[PDB]
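This document starts with one chain, in the form deposited in one PDB entry, laid out as structure tokens.
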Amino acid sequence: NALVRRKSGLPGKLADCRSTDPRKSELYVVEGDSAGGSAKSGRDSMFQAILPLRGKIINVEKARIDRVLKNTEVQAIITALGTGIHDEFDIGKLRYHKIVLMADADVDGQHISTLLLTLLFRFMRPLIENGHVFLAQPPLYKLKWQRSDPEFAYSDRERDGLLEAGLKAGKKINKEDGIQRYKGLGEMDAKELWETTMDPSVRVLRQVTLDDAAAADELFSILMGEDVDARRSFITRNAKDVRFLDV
């Protein structure tokens, strides 16, 4: 199976890859024009394509279907993925066997992720069931050692760990420049994105798994649905214990 990539009927903002093999191809769905721009530069153009999303995605759980299909950002995703939606879905027409969602580490990136996962689960569920959907974990810190190569950290803990280890090893950091803190993908350049989220030999990806379909169906409808009361009581009930989900 092989499909043609655009080179001078696909979304205008899509920076397609060169490889015509979906099994080896990857679509990075990126939050923001800035981050998408740097991703387009730092990527491996052979296997990696970039689809920058602009603004918060439409909630397909709340909005009527006709309005969802009128949304330009949804059309871009559906067109780029090549598969249909709902009953007309066909995995054989999938243009990328890896769909990486890359959003800011901040709170709005988390929101956009739920909006995208809602789109995928409702319109193109088999992509999730067959492990084609991934989540890129962006860095939070860049430790700029004076003489050594810079290190990236993906959590406050790792930052503290790499700092102590380096100092214990005799390395040194400026207390001015020091540890750069990333507040979003848009703040990174092309090189930084490659060496943290796009280089397949270093990137930290999470594969979205779907266990209980019925339980997921209910969670999606509570959180993303039109019923506010149901959503309000769920948050006040479970927000108190978000920290302890993995303990």
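Definition used throughout: the rigid core is the maximal C-alpha set that superposes within 1.5 Å between two forms. From 1 onward, residues are counted along the sequence shown.
Keep in mind that the form deposited in another entry is missing from the display, and what follows is about it.
Asks: Tell which of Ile91, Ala136, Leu143, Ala105, after superposing on the rigid core, has its C-alpha displaced by 2 Å or more between the shown form and the other one, please.
Replies: Going through each option, the one that shifts is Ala105.
Asks: Following rigid core alignment, is the displacement of the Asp199 C-alpha between the shown form and the other one equal to or greater than 2 angstroms?
Replies: The answer is no; the displacement is under 2 Å.
Asks: Answer yes if the Cα of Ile179 shifts by 2 angstroms or more between the shown form and the other one on a rigid-core superposition, and no otherwise.
Replies: Not so; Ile179 is displaced by less than 2 Å.
Asks: Taking the rigid core as reference, does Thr72 move its C-alpha 2 Å or further between the shown form and the other one?
Replies: Yes, because once the rigid core is superposed, the C-alpha of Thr72 moves 2 Å or more between the shown form and the other one.
Asks: Taking the shown form as reference, are the C-alpha positions of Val107 and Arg159 brought closer or pushed farther apart in the other entry, with a change of 3 Å or more?
Replies: Note: Cα gap between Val107 and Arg159 widens in the other entry.
Asks: Out of closer and farther, which fits the Cα atoms of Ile128 and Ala214 in the other entry compared with this form, where the change is 3 Å or more?
Replies: Distance between the C-alphas of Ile128 and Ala214: shorter in the other entry, by 3 Å or more.
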